[PDB]
file entry.txt (compact mmCIF, N, CA and C atoms)
# COMPACT_ATOMS: atom_id res chain seq x y z
N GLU A 1 -32.04 -26.26 2.64
CA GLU A 1 -30.57 -26.39 2.77
C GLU A 1 -29.93 -25.09 3.27
N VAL A 2 -30.73 -24.11 3.68
CA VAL A 2 -30.23 -22.93 4.37
C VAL A 2 -29.41 -23.29 5.60
N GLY A 3 -29.88 -24.26 6.39
CA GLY A 3 -29.13 -24.64 7.59
C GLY A 3 -27.75 -25.18 7.26
N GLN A 4 -27.70 -25.99 6.21
CA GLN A 4 -26.44 -26.51 5.69
C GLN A 4 -25.55 -25.40 5.20
N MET A 5 -26.09 -24.46 4.45
CA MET A 5 -25.30 -23.37 3.93
C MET A 5 -24.73 -22.59 5.08
N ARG A 6 -25.53 -22.34 6.10
CA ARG A 6 -25.02 -21.61 7.27
C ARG A 6 -23.86 -22.35 7.95
N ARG A 7 -23.98 -23.64 8.11
CA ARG A 7 -22.88 -24.43 8.70
C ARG A 7 -21.63 -24.37 7.82
N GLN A 8 -21.79 -24.42 6.50
CA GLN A 8 -20.68 -24.29 5.59
C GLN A 8 -19.97 -22.95 5.70
N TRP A 9 -20.74 -21.90 5.89
CA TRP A 9 -20.19 -20.57 6.09
C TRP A 9 -19.36 -20.49 7.34
N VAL A 10 -19.92 -20.98 8.43
CA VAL A 10 -19.13 -21.01 9.67
C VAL A 10 -17.80 -21.71 9.48
N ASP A 11 -17.86 -22.91 8.91
CA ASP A 11 -16.66 -23.70 8.71
C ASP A 11 -15.68 -22.97 7.76
N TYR A 12 -16.16 -22.41 6.65
CA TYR A 12 -15.29 -21.76 5.68
C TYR A 12 -14.61 -20.54 6.26
N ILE A 13 -15.38 -19.66 6.90
CA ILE A 13 -14.79 -18.45 7.43
C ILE A 13 -13.87 -18.83 8.59
N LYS A 14 -14.20 -19.83 9.39
CA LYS A 14 -13.29 -20.22 10.44
C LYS A 14 -11.95 -20.67 9.88
N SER A 15 -11.96 -21.36 8.75
CA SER A 15 -10.68 -21.76 8.14
C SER A 15 -9.91 -20.53 7.74
N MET A 16 -10.60 -19.53 7.26
CA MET A 16 -9.91 -18.30 6.82
C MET A 16 -9.24 -17.63 7.99
N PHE A 17 -9.91 -17.56 9.15
CA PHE A 17 -9.30 -16.95 10.32
C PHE A 17 -8.16 -17.85 10.83
N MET A 18 -8.36 -19.17 10.88
CA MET A 18 -7.38 -20.04 11.51
C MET A 18 -6.10 -20.06 10.69
N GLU A 19 -6.21 -19.95 9.39
CA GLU A 19 -5.08 -20.01 8.47
C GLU A 19 -4.43 -18.63 8.28
N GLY A 20 -5.03 -17.57 8.82
CA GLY A 20 -4.44 -16.25 8.77
C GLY A 20 -4.85 -15.41 7.61
N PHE A 21 -5.79 -15.86 6.78
CA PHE A 21 -6.21 -15.08 5.66
C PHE A 21 -6.99 -13.83 6.06
N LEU A 22 -7.77 -13.93 7.17
CA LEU A 22 -8.53 -12.82 7.74
C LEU A 22 -8.19 -12.69 9.21
N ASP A 23 -8.24 -11.47 9.70
CA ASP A 23 -8.05 -11.15 11.10
C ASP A 23 -9.20 -10.32 11.62
N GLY A 24 -9.06 -9.84 12.84
CA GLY A 24 -10.14 -9.15 13.51
C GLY A 24 -10.58 -7.89 12.81
N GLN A 25 -9.80 -7.35 11.89
CA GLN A 25 -10.27 -6.16 11.23
C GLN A 25 -11.40 -6.54 10.25
N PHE A 26 -11.44 -7.80 9.79
CA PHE A 26 -12.57 -8.19 8.95
C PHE A 26 -13.83 -8.23 9.79
N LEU A 27 -13.73 -8.65 11.04
CA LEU A 27 -14.89 -8.60 11.94
C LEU A 27 -15.34 -7.18 12.22
N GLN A 28 -14.41 -6.24 12.31
CA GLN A 28 -14.77 -4.82 12.43
C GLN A 28 -15.59 -4.27 11.24
N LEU A 29 -15.29 -4.69 10.02
CA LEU A 29 -16.11 -4.30 8.87
C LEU A 29 -17.49 -4.83 9.04
N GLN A 30 -17.59 -6.07 9.51
CA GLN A 30 -18.89 -6.67 9.74
C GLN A 30 -19.71 -5.90 10.79
N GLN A 31 -19.05 -5.30 11.75
CA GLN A 31 -19.71 -4.55 12.79
C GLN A 31 -20.45 -3.35 12.20
N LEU A 32 -19.92 -2.78 11.13
CA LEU A 32 -20.54 -1.58 10.50
C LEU A 32 -21.60 -1.93 9.44
N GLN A 33 -21.87 -3.22 9.31
CA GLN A 33 -22.90 -3.71 8.37
C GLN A 33 -24.07 -4.28 9.13
N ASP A 34 -25.26 -3.94 8.70
CA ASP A 34 -26.49 -4.51 9.26
C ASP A 34 -27.60 -4.40 8.27
N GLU A 35 -28.81 -4.71 8.70
CA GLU A 35 -29.89 -4.81 7.73
C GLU A 35 -30.15 -3.50 6.99
N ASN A 36 -29.75 -2.40 7.58
CA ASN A 36 -29.89 -1.11 6.93
C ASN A 36 -28.78 -0.79 5.93
N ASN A 37 -27.67 -1.51 6.02
CA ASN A 37 -26.61 -1.39 5.03
C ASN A 37 -26.01 -2.77 4.84
N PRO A 38 -26.71 -3.63 4.11
CA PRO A 38 -26.39 -5.03 4.17
C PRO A 38 -25.29 -5.44 3.22
N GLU A 39 -24.92 -4.53 2.32
CA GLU A 39 -23.86 -4.79 1.34
C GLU A 39 -22.57 -4.01 1.58
N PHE A 40 -22.41 -3.42 2.77
CA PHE A 40 -21.21 -2.66 3.06
C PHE A 40 -19.90 -3.48 2.90
N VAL A 41 -19.84 -4.68 3.44
CA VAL A 41 -18.61 -5.47 3.37
C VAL A 41 -18.25 -5.80 1.92
N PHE A 42 -19.24 -6.24 1.18
CA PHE A 42 -19.05 -6.49 -0.25
C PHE A 42 -18.45 -5.24 -0.95
N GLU A 43 -19.03 -4.08 -0.66
CA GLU A 43 -18.59 -2.86 -1.33
C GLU A 43 -17.14 -2.51 -0.99
N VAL A 44 -16.78 -2.69 0.29
CA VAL A 44 -15.46 -2.34 0.74
C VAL A 44 -14.45 -3.32 0.13
N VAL A 45 -14.76 -4.61 0.17
CA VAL A 45 -13.88 -5.63 -0.47
C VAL A 45 -13.69 -5.31 -1.97
N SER A 46 -14.79 -4.92 -2.63
CA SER A 46 -14.72 -4.55 -4.06
C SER A 46 -13.80 -3.40 -4.32
N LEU A 47 -13.86 -2.37 -3.46
CA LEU A 47 -12.95 -1.25 -3.63
C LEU A 47 -11.47 -1.69 -3.49
N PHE A 48 -11.21 -2.53 -2.50
CA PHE A 48 -9.90 -3.11 -2.27
C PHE A 48 -9.45 -3.89 -3.52
N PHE A 49 -10.29 -4.73 -4.11
CA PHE A 49 -9.84 -5.50 -5.27
C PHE A 49 -9.45 -4.57 -6.42
N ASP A 50 -10.28 -3.57 -6.66
CA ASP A 50 -9.94 -2.60 -7.75
C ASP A 50 -8.59 -1.86 -7.52
N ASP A 51 -8.35 -1.33 -6.31
CA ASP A 51 -7.07 -0.64 -6.01
C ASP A 51 -5.88 -1.59 -6.00
N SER A 52 -6.08 -2.79 -5.45
CA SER A 52 -4.98 -3.74 -5.31
C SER A 52 -4.48 -4.19 -6.67
N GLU A 53 -5.36 -4.36 -7.62
CA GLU A 53 -4.89 -4.80 -8.92
C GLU A 53 -4.11 -3.75 -9.68
N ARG A 54 -4.46 -2.49 -9.50
CA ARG A 54 -3.65 -1.40 -10.01
C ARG A 54 -2.27 -1.39 -9.36
N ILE A 55 -2.23 -1.49 -8.04
CA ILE A 55 -0.96 -1.47 -7.32
C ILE A 55 -0.07 -2.60 -7.80
N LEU A 56 -0.64 -3.81 -7.96
CA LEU A 56 0.15 -4.98 -8.28
C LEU A 56 0.69 -4.91 -9.68
N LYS A 57 -0.09 -4.38 -10.58
CA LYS A 57 0.38 -4.15 -11.93
C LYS A 57 1.54 -3.15 -11.96
N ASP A 58 1.40 -2.03 -11.24
CA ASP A 58 2.50 -1.09 -11.23
C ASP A 58 3.76 -1.67 -10.55
N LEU A 59 3.57 -2.47 -9.49
CA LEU A 59 4.66 -3.01 -8.75
C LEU A 59 5.41 -4.04 -9.58
N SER A 60 4.72 -4.92 -10.33
CA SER A 60 5.46 -5.97 -11.08
C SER A 60 6.35 -5.31 -12.10
N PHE A 61 5.82 -4.31 -12.79
CA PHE A 61 6.61 -3.57 -13.78
C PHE A 61 7.83 -2.89 -13.14
N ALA A 62 7.63 -2.28 -11.98
CA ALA A 62 8.67 -1.60 -11.29
C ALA A 62 9.76 -2.52 -10.76
N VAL A 63 9.40 -3.67 -10.20
CA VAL A 63 10.44 -4.52 -9.60
C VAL A 63 11.20 -5.29 -10.65
N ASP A 64 10.64 -5.43 -11.83
CA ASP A 64 11.24 -6.30 -12.84
C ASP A 64 12.05 -5.49 -13.82
N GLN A 65 12.54 -4.37 -13.36
CA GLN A 65 13.52 -3.57 -14.06
C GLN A 65 14.96 -3.82 -13.55
N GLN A 66 16.00 -3.59 -14.33
CA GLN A 66 17.40 -3.88 -13.95
C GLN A 66 17.73 -3.14 -12.67
N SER A 67 17.30 -1.88 -12.59
CA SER A 67 17.48 -1.06 -11.41
C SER A 67 16.12 -0.72 -10.86
N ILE A 68 15.86 -1.08 -9.64
CA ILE A 68 14.57 -0.80 -9.01
C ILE A 68 14.58 0.56 -8.33
N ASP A 69 13.54 1.37 -8.54
CA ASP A 69 13.34 2.60 -7.79
C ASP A 69 12.73 2.20 -6.45
N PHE A 70 13.58 1.94 -5.46
CA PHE A 70 13.13 1.38 -4.18
C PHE A 70 12.22 2.32 -3.40
N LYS A 71 12.46 3.62 -3.54
CA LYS A 71 11.65 4.62 -2.88
C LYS A 71 10.20 4.56 -3.37
N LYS A 72 10.02 4.49 -4.67
CA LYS A 72 8.68 4.48 -5.26
C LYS A 72 7.97 3.16 -4.94
N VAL A 73 8.72 2.06 -5.07
CA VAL A 73 8.19 0.75 -4.76
C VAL A 73 7.77 0.68 -3.31
N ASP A 74 8.59 1.20 -2.43
CA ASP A 74 8.25 1.13 -1.03
C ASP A 74 6.99 1.92 -0.74
N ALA A 75 6.80 3.04 -1.40
CA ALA A 75 5.60 3.83 -1.14
C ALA A 75 4.34 3.07 -1.62
N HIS A 76 4.43 2.41 -2.76
CA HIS A 76 3.26 1.67 -3.27
C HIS A 76 2.97 0.45 -2.38
N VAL A 77 4.00 -0.24 -1.91
CA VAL A 77 3.79 -1.37 -1.00
C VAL A 77 3.19 -0.91 0.30
N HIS A 78 3.66 0.22 0.77
CA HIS A 78 3.16 0.77 2.03
C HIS A 78 1.65 1.07 1.91
N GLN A 79 1.25 1.63 0.77
CA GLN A 79 -0.15 1.91 0.52
C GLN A 79 -0.97 0.62 0.56
N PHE A 80 -0.45 -0.44 -0.09
CA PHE A 80 -1.13 -1.75 -0.10
C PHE A 80 -1.15 -2.41 1.25
N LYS A 81 -0.11 -2.23 2.04
CA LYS A 81 -0.14 -2.69 3.41
C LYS A 81 -1.35 -2.14 4.18
N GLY A 82 -1.59 -0.84 4.05
CA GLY A 82 -2.62 -0.15 4.75
C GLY A 82 -4.00 -0.58 4.33
N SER A 83 -4.16 -0.71 3.03
CA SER A 83 -5.47 -1.05 2.49
C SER A 83 -5.80 -2.52 2.83
N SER A 84 -4.83 -3.42 2.64
CA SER A 84 -5.07 -4.78 3.03
C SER A 84 -5.31 -4.96 4.52
N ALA A 85 -4.56 -4.26 5.35
CA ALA A 85 -4.76 -4.33 6.78
C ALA A 85 -6.18 -3.92 7.10
N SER A 86 -6.66 -2.88 6.42
CA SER A 86 -7.92 -2.28 6.79
C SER A 86 -9.16 -3.18 6.50
N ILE A 87 -8.99 -4.17 5.63
CA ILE A 87 -10.05 -5.13 5.37
C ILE A 87 -9.86 -6.44 6.12
N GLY A 88 -8.73 -6.54 6.83
CA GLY A 88 -8.36 -7.74 7.59
C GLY A 88 -7.58 -8.80 6.84
N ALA A 89 -6.99 -8.48 5.69
CA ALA A 89 -6.25 -9.44 4.87
C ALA A 89 -4.85 -9.55 5.43
N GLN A 90 -4.74 -10.23 6.57
CA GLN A 90 -3.48 -10.19 7.34
C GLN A 90 -2.31 -10.82 6.69
N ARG A 91 -2.54 -11.89 5.95
CA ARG A 91 -1.39 -12.49 5.23
C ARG A 91 -0.87 -11.56 4.10
N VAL A 92 -1.77 -10.84 3.44
CA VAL A 92 -1.33 -9.85 2.47
C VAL A 92 -0.55 -8.74 3.19
N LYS A 93 -1.10 -8.24 4.29
CA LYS A 93 -0.39 -7.21 5.10
C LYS A 93 1.00 -7.67 5.50
N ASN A 94 1.09 -8.90 6.00
CA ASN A 94 2.39 -9.39 6.51
C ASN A 94 3.35 -9.53 5.37
N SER A 95 2.88 -9.97 4.20
CA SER A 95 3.76 -10.03 3.00
C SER A 95 4.27 -8.67 2.61
N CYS A 96 3.43 -7.65 2.71
CA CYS A 96 3.85 -6.28 2.45
C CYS A 96 4.90 -5.80 3.45
N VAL A 97 4.73 -6.15 4.73
CA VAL A 97 5.78 -5.87 5.73
C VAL A 97 7.12 -6.48 5.38
N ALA A 98 7.12 -7.74 4.97
CA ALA A 98 8.31 -8.41 4.56
C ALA A 98 8.95 -7.68 3.34
N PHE A 99 8.05 -7.38 2.41
CA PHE A 99 8.40 -6.63 1.21
C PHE A 99 9.20 -5.38 1.57
N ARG A 100 8.62 -4.55 2.43
CA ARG A 100 9.24 -3.30 2.83
C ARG A 100 10.60 -3.51 3.48
N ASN A 101 10.79 -4.60 4.22
CA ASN A 101 12.15 -4.84 4.75
C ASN A 101 13.16 -5.05 3.61
N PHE A 102 12.79 -5.79 2.56
CA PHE A 102 13.71 -6.04 1.48
C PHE A 102 13.92 -4.83 0.61
N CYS A 103 12.92 -3.97 0.56
CA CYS A 103 13.08 -2.70 -0.09
C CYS A 103 14.09 -1.82 0.64
N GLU A 104 14.03 -1.83 1.98
CA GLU A 104 14.97 -1.03 2.74
C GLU A 104 16.42 -1.55 2.55
N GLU A 105 16.56 -2.87 2.42
CA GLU A 105 17.87 -3.49 2.23
C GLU A 105 18.34 -3.34 0.79
N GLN A 106 17.41 -2.98 -0.09
CA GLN A 106 17.70 -2.75 -1.50
C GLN A 106 18.19 -4.01 -2.23
N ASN A 107 17.50 -5.10 -1.95
CA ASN A 107 17.82 -6.42 -2.42
C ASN A 107 16.88 -6.72 -3.59
N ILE A 108 17.38 -6.59 -4.80
CA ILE A 108 16.49 -6.76 -5.98
C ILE A 108 15.81 -8.10 -6.00
N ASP A 109 16.60 -9.18 -5.88
CA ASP A 109 16.00 -10.48 -5.98
C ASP A 109 15.00 -10.72 -4.87
N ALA A 110 15.30 -10.32 -3.64
CA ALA A 110 14.34 -10.54 -2.59
C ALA A 110 13.07 -9.71 -2.80
N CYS A 111 13.21 -8.49 -3.30
CA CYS A 111 12.01 -7.74 -3.69
C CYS A 111 11.17 -8.45 -4.73
N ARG A 112 11.82 -9.06 -5.73
CA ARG A 112 11.07 -9.75 -6.76
C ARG A 112 10.31 -10.96 -6.18
N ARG A 113 10.99 -11.73 -5.36
CA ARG A 113 10.37 -12.89 -4.77
C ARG A 113 9.25 -12.51 -3.80
N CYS A 114 9.49 -11.45 -3.06
CA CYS A 114 8.49 -11.03 -2.14
C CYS A 114 7.29 -10.45 -2.87
N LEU A 115 7.48 -9.74 -3.99
CA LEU A 115 6.30 -9.34 -4.75
C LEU A 115 5.54 -10.57 -5.24
N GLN A 116 6.21 -11.62 -5.65
CA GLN A 116 5.56 -12.80 -6.13
C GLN A 116 4.69 -13.33 -4.97
N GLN A 117 5.18 -13.27 -3.76
CA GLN A 117 4.39 -13.78 -2.65
C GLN A 117 3.22 -12.85 -2.31
N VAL A 118 3.43 -11.51 -2.33
CA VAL A 118 2.31 -10.57 -2.08
C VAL A 118 1.18 -10.81 -3.06
N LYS A 119 1.55 -10.95 -4.33
CA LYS A 119 0.56 -11.21 -5.38
C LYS A 119 -0.16 -12.53 -5.11
N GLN A 120 0.58 -13.60 -4.81
CA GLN A 120 -0.03 -14.87 -4.52
C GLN A 120 -0.99 -14.78 -3.35
N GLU A 121 -0.57 -14.11 -2.28
CA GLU A 121 -1.42 -13.94 -1.09
C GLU A 121 -2.67 -13.10 -1.42
N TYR A 122 -2.52 -12.09 -2.24
CA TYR A 122 -3.66 -11.31 -2.67
C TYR A 122 -4.66 -12.15 -3.45
N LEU A 123 -4.19 -12.96 -4.39
CA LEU A 123 -5.10 -13.76 -5.18
C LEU A 123 -5.77 -14.81 -4.30
N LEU A 124 -5.07 -15.39 -3.33
CA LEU A 124 -5.67 -16.38 -2.44
C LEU A 124 -6.83 -15.77 -1.70
N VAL A 125 -6.64 -14.64 -1.04
CA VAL A 125 -7.70 -14.08 -0.25
C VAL A 125 -8.81 -13.51 -1.14
N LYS A 126 -8.48 -12.99 -2.34
CA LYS A 126 -9.53 -12.54 -3.24
C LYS A 126 -10.45 -13.71 -3.56
N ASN A 127 -9.89 -14.80 -4.03
CA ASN A 127 -10.68 -15.95 -4.38
C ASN A 127 -11.51 -16.43 -3.19
N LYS A 128 -10.92 -16.53 -2.01
CA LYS A 128 -11.64 -17.06 -0.85
C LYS A 128 -12.78 -16.09 -0.49
N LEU A 129 -12.53 -14.77 -0.53
CA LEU A 129 -13.56 -13.78 -0.26
C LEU A 129 -14.72 -13.87 -1.24
N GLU A 130 -14.41 -14.10 -2.51
CA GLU A 130 -15.48 -14.24 -3.52
C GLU A 130 -16.36 -15.43 -3.15
N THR A 131 -15.75 -16.54 -2.81
CA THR A 131 -16.46 -17.74 -2.37
C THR A 131 -17.34 -17.44 -1.12
N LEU A 132 -16.76 -16.82 -0.11
CA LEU A 132 -17.48 -16.46 1.10
C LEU A 132 -18.68 -15.56 0.78
N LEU A 133 -18.43 -14.52 -0.03
CA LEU A 133 -19.49 -13.55 -0.39
C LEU A 133 -20.60 -14.19 -1.25
N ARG A 134 -20.22 -15.11 -2.13
CA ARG A 134 -21.20 -15.85 -2.92
C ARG A 134 -22.10 -16.72 -2.04
N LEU A 135 -21.51 -17.36 -1.03
CA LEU A 135 -22.25 -18.20 -0.10
C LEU A 135 -23.22 -17.33 0.73
N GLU A 136 -22.74 -16.19 1.22
CA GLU A 136 -23.60 -15.27 1.92
C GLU A 136 -24.81 -14.86 1.06
N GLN A 137 -24.56 -14.50 -0.20
CA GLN A 137 -25.65 -14.11 -1.07
C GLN A 137 -26.67 -15.24 -1.21
N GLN A 138 -26.18 -16.48 -1.27
CA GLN A 138 -27.09 -17.63 -1.36
C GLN A 138 -27.92 -17.83 -0.08
N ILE A 139 -27.28 -17.72 1.05
CA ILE A 139 -27.96 -17.84 2.34
C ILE A 139 -29.10 -16.81 2.41
N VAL A 140 -28.80 -15.54 2.12
CA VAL A 140 -29.77 -14.49 2.29
C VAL A 140 -30.88 -14.60 1.26
N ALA A 141 -30.56 -15.02 0.02
CA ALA A 141 -31.60 -15.16 -0.98
C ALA A 141 -32.53 -16.26 -0.57
N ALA A 142 -32.04 -17.29 0.08
CA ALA A 142 -32.83 -18.42 0.55
C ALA A 142 -33.59 -18.11 1.85
N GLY A 143 -33.57 -16.86 2.32
CA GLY A 143 -34.31 -16.48 3.51
C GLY A 143 -33.59 -16.63 4.83
N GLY A 144 -32.31 -16.99 4.82
CA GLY A 144 -31.60 -17.14 6.06
C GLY A 144 -30.81 -15.93 6.44
N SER A 145 -30.19 -15.98 7.61
CA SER A 145 -29.35 -14.95 8.07
C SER A 145 -27.91 -15.49 8.11
N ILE A 146 -26.93 -14.62 7.95
CA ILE A 146 -25.57 -15.04 8.08
C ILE A 146 -25.30 -15.19 9.56
N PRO A 147 -24.68 -16.28 9.94
CA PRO A 147 -24.37 -16.50 11.34
C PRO A 147 -23.39 -15.47 11.87
N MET A 148 -23.32 -15.47 13.19
CA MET A 148 -22.43 -14.72 14.07
C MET A 148 -22.86 -13.28 14.30
call {"tool": "encode", "arguments": {"input": "entry.txt", "output": "structure tokens"}}
result
Amino acid sequence: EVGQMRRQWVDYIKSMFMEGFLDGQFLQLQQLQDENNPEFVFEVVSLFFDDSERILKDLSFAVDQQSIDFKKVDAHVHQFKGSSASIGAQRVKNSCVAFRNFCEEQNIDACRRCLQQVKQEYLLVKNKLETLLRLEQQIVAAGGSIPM
């Protein structure tokens, strides 16, 4: 069933690209991975999950105050924009862009709603990446190669 798993991977990752969850920067990470460093993408995604959860925890606390420190919030969102962009999590990046516009306008409610969306987008791509990475591990353990 390696052949089947490979076809499932193609189809799953294609949905991620078509729906905007991943962009070409995720393919760039793949370019730096090969048989000599076969877990690089996993490692980089893992680092992103650890930093992103810290950022999101600090951000929810910060935005859900009566008066938001927009300067500090904007700097943390900006950091998350960069890190998400760098792994190809384009919908998370775009949510952060939206976020930063509402921070500049100093709109408390829109900041709160936009954080809710950044968090949702982060959890979506985290979950999908875990699924993708789990499938890859299965393919390789079964003796196959990941397509593309």
call {"tool": "closest_residue", "arguments": {"input": "entry.txt", "among": "A:45, A:127, A:77, A:86", "to": "residue 102 of chain A", "atoms": "only C-alpha atoms"}}
result
A:77
call {"tool": "atom_distance", "arguments": {"input": "entry.txt", "atom1": "atom C of residue 61 of chain A", "atom2": "atom C of residue 82 of chain A"}}
result
21.2 Å
call {"tool": "atom_distance", "arguments": {"input": "entry.txt", "atom1": "atom C of residue 89 of chain A", "atom2": "atom CA of residue 22 of chain A"}}
result
5.4 Å
call {"tool": "atom_distance", "arguments": {"input": "entry.txt", "atom1": "atom CA of residue 103 of chain A", "atom2": "atom CA of residue 83 of chain A"}}
result
18.8 Å
call {"tool": "residues_around", "arguments": {"input": "entry.txt", "residues": "residue 104 of chain A", "least_positions_apart": "4", "cutoff": "8 Å", "atoms": "all atoms listed in the file", "output": "MDAnalysis selection string"}}
result
chainID A and resid 70:71 74 98:100
call {"tool": "closest_residue", "arguments": {"input": "entry.txt", "among": "A:34, A:107, A:92, A:44", "to": "residue 120 of chain A", "atoms": "all atoms listed in the file"}}
result
A:92
call {"tool": "residues_around", "arguments": {"input": "entry.txt", "residues": "residue 91 of chain A", "least_positions_apart": "2", "cutoff": "8 Å", "atoms": "only N, CA and C atoms", "output": "PyMOL selection string"}}
result
chain A and resi 19-23+84-85+88-89+93-97+117-118+121-122
call {"tool": "residues_around", "arguments": {"input": "entry.txt", "residues": "residue 140 of chain A", "least_positions_apart": "6", "cutoff": "10 Å", "atoms": "only C-alpha atoms", "output": "ChimeraX atom specification"}}
result
/A:2,6,146
call {"tool": "closest_residue", "arguments": {"input": "entry.txt", "among": "A:105, A:1, A:130, A:58", "to": "residue 46 of chain A", "atoms": "only C-alpha atoms"}}
result
A:130
call {"tool": "residues_around", "arguments": {"input": "entry.txt", "residues": "residue 67 of chain A", "least_positions_apart": "4", "cutoff": "8 Å", "atoms": "all atoms listed in the file", "output": "number ranges by chain"}}
result
A: 62-63, 108
call {"tool": "closest_residue", "arguments": {"input": "entry.txt", "among": "A:56, A:35, A:68, A:14", "to": "residue 115 of chain A", "atoms": "only C-alpha atoms"}}
result
A:56
call {"tool": "closest_residue", "arguments": {"input": "entry.txt", "among": "A:12, A:147, A:60, A:40", "to": "residue 116 of chain A", "atoms": "all atoms listed in the file"}}
result
A:60
call {"tool": "closest_residue", "arguments": {"input": "entry.txt", "among": "A:69, A:27, A:3, A:38", "to": "residue 144 of chain A", "atoms": "all atoms listed in the file"}}
result
A:3
